[PDB]
Amino acid sequence: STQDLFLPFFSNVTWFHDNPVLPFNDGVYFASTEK
Amino acid sequence: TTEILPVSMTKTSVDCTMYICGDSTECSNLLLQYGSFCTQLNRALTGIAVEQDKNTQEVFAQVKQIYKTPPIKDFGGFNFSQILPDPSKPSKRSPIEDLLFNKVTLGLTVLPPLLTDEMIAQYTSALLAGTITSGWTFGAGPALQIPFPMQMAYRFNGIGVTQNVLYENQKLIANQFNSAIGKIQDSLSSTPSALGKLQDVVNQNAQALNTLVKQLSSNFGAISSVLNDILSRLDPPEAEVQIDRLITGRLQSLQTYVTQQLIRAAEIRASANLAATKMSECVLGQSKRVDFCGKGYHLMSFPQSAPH
Amino acid sequence: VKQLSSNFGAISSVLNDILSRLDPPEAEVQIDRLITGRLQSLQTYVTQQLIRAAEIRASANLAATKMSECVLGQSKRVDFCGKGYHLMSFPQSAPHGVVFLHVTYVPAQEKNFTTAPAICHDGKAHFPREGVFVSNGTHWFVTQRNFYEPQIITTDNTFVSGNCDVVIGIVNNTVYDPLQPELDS
Amino acid sequence: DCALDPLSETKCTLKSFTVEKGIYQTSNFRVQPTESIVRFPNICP
Amino acid sequence: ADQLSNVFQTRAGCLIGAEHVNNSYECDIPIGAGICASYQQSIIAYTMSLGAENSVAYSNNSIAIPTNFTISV
Ligand SMILES: *[C@@H]1O[C@H](CO)[C@@H](O)[C@H](O)[C@H]1NC(C)=O
Ligand SMILES: *[C@@H]1O[C@H](CO)[C@@H](O)[C@H](O)[C@H]1NC(C)=O
Ligand SMILES: *[C@@H]1O[C@H](CO)[C@@H](O)[C@H](O)[C@H]1NC(C)=O
Ligand SMILES: *[C@@H]1O[C@H](CO)[C@@H](O)[C@H](O)[C@H]1NC(C)=O
Ligand SMILES: *[C@@H]1O[C@H](CO)[C@@H](O)[C@H](O)[C@H]1NC(C)=O
């Protein structure tokens with residue numbers, strides 16, 4: 001068991017598809033499509 | 001004759017942090033700084049609580065089925081009215097049980113026992129009906145009915161006296177037995193020091209708790225006892241130093257309380273095992289080992305309930 | 001061991017940092033507090049072990065008693081060595097214990113009758129030596145308590161105490177005389 | 001993730017992925033006041 | 001409280017997510033003060049049952065004698 005900064009399960013994540021600036025807030029999870 | 005044995009003690013549980021610091025963030029941070037003492041303190045107290053429920057079940061829950069005495073009651077001249085449950089009363093209890101129940105007058109929590117007093121009284125009633133109607137046979141296999149004076153003849157043959165002495169003296173014996181039961185009700189009522197064991201366990205537990213709280217008020221070496229004064233009303237760093245010493249003291253108090261409870265729990269468990277043995281060997285059957293179950297030669301025994 | 005890792009109030013947990021990586025005197029002070037803490041941890045461990053040892057010794061004494069009284073002999077004290085009436089026991093070893101196998105005798109398939117305390121014949125009462133009087137319908141018999149095995153009432157297996165008046169519930173039945181008077185002619 | 005579900009809390013506290021039937025103590029709750037009132041006594045040349 | 005229907009008050013506390021039934025059954029999981037819970041599809045909270053109830057026919061004449069035996073281990 002560890003206790004660090006983590007992405008909570010089942011959280012709401014924004015989807016965007018000319019890109020708006022976003023604040024940092026202690027790390028970000030970045031995922032790109034398979035394309 | 002009478003014999004009184006305690007079988008269980010009140011279940012309690014105490015939270016480490018709320019006792020030591022309580023509504024003090026920085027203080028709790030200092031607690032994390034010590035280590036993992038109060039976790040194992042919690043585990044110890046939980047252990048003995050589950051044990052208390054184990055004891056009561058062990059002693060009383062000896063018979064799987066519930067037996068009922070016949071509605072018409074002609075036991076050849078013997079009178080069990082003072083032993084059997086009394087229906088015309090709420091919380092049906094025997095008159096002897098009613099008297100016993102009145103005589104005993106008495107971050108912390110108290111858990112409730114797992115079997116209520118109705119359950120316990122139901123266990124005692126089942127055992128009484130079984131031994132009156134069916135002798136000792138219901139301890140081994142299926143219950144087998146038998147008229148009561150014949151059963152008493154069997155027990156006379158048990159202790160070395162032939163059985164004709166019973167059949168020729170049934171009147172006298174019945175009067176002896178009834179008179180003895182009624183005298184016991186009065187004798188137990190008169191002397192106040194009769195229930196002197198069941199009372200001691202209660203006094204010791206309550207007084208131990210009070211000493212714990214008294215220890216909470218003392219200062220253990222500091223300018224003040226209550227945390228908030230040291231906190232706000234001095235500078236943070238050396239306030240932290242004073243906090244540290246006061247924490248060490250309160251932790252010691254919790255130490256002694258838990259250890260004392262472990263010793264007392266062991267003593268009670270020894271007594272509970274003895275009571276279970278007396279139940280099975282003396283109620284469920286006749287005993288041959290001398291002076292285990294009263295002075296004289298043994299004939300039978302009746303179970304009665306009590307607060308603890 | 002977990003308690004070993006914690007710092008108990010100090011700049012660091014491991015000794016060498018406090019030692020070399022601070023001045024000797026106040027390093028000695030920090031050392032003093034850390035040692036006080038570790039000594040307390042050893043205290044609680046030993047005391048817990050003493051309590052558990054006492055509990056195990058109680059269980060070992062009980063096992064020794066069960067061995068001698070139930071394996072080495074037959075037991076009469078009820079429910080000590082299994083439900084029912086006891087016959088024998090077998091000892092089996094275990095990694096940190098022992099396991100018993102109690103063999104017992106349990107009755108079943110009961111049938112009910114009517115009985116009487118004594119038999120009144122020729123103005124004298126008769127009581128049985130062992131067993132209890134029992135009657136199916138009209139006839140009367142004698143059988144032992146724990147198994148059904150009816151027998152003809154005879155003057156040899158029943159003894160006589162007194163006359164017919166004093167007892168309660170006595171019934172009247174003929175008591176068969178022994179074969180020797182019947183043989184005599 | 002420990003804080004997700006009651007079941008997840010139970011798994012975290014037993015240090016295992018599978019649990020057997022029973023009752024367990026996961027944590028303890030409290031109530032927070034979140035308010036203050038002061039009443040000093042109320043009845044110069 | 002653990003993050004994330006039926007509220008039933010009891011002698012010990014109040015459960016969340018179980019309904020009581022007037023039936024009494026053998027105890028499975030002990031909750032306290034005379035209540036147990038067990039799996040039906042749903043968790044049910046009922047009062048405990050001490051055991052089966054039977055009364056032997058007692059009369060000043062009758063007696064019962066076994067006729068067969070079993071041996072157990
Ligand atoms: C048993 O004794 C009580 C004593 O008050 C008496 O009232 C009762 O009638 C007695 N039992 C019988 C069957 O007479
Ligand atoms: C006892 O015997 C009577 C007749 O002998 C019978 O009617 C009754 O059913 C019996 N009771 C039992 C077997 O429990
Ligand atoms: C009772 O048992 C005797 C034993 O032989 C038998 O002859 C008889 O038929 C049985 N029944 C009655 C009603 O006597
Ligand atoms: C047994 O009880 C019955 C009840 O009908 C009674 O008539 C009979 O007298 C009793 N037996 C004796 C020996 O008194
Ligand atoms: C159970 O008993 C209660 C007692 O008031 C009653 O209201 C209810 O209808 C009964 N049945 C069920 C299923 O609750």
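Tabulated values for the structure
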| read-out | value |
| --- | --- |
| Cα-based helix-to-principal-axis angle, C:24-66 vs chain C, degrees rounded to 10 | 10 |
| Inter-centroid distance (Cα atoms) of the range E:1-43 relative to the range C:77-120, Å | 40 |
| Pairwise FRET efficiency - B:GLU58 versus C:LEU101, Cβ, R0 = 22 Å, nearest 0.05 | 0.45 |
| Ascending count of other beta-carbon atoms within 10 Å, so fewest first, for B:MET119, C:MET67, B:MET150 | C:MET67, B:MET119, B:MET150 |
| Computed magnitude of the charge dipole of the protein assembly as shown (debye, nearest 20; Cβ of K, R +1, Cβ of D, E -1) | 1380 |
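Note that each Cβ is placed from the backbone with ideal geometry, even for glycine, and that neighbours are counted across all protein chains shown. Since every read-out is calculated from the coordinates, none of them should be taken as a lab result.
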